[PDB]
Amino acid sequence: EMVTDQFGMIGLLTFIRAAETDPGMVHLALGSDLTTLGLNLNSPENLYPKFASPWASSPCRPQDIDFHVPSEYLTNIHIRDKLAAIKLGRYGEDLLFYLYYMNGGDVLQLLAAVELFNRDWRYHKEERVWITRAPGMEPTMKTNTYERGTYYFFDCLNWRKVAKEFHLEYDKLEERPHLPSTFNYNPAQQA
């Protein structure tokens, strides 16, 4: 009775059942959750001025965009050799949080995370924030499992060290930051 052919309902139900066994990242009959393509589709502002590449997951940072800055600010062809070498141990806390948040998905984010970790800052896996002990503020409640006292947490949305006295699990707290010795890494080839 039904269309015994590929151009009927049976034809379609066959494609849907095929996605189960198809290991591809493209399923033409079912589509992709387009929100997950790393594009701010809700944004009231245009996407194109910050559109990185067709393969990138995050938009253009201001270090990425080039600007025709006043001639005078092009200081390197002049200070190059006398200019200090980059040493994250030399830099302060504010520059480290800048280096961390801005260089997301780069070795620099981990390099800043390492120097912060060397300064008693510990990253929370669950709450996605950096936390450190306040001056002499030892925890009121103290065990091997967790600690309850007053802690400075870095709120990036207001860009400042914030006092917040609440319970923190030692497990949900990130260990010493890793470094990937991944040769010729390209995030575009895996997408």
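Numbers for residues come from their place in the sequence shown, where the first is 1.
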Assert higher mean C-alpha B factor (164-172 or 12-20, deposited values) equals 164-172
Please compare 34-42 with 142-150 and say which has the higher mean C-alpha temperature factor in the record. 142-150
Reading the B-factor column for Cα atoms of 47, 134, 56, 65, the highest value belongs to 134
Which third of the chain does residue 6 land in by C-alpha B-factor: lowest, middle or highest? lowest
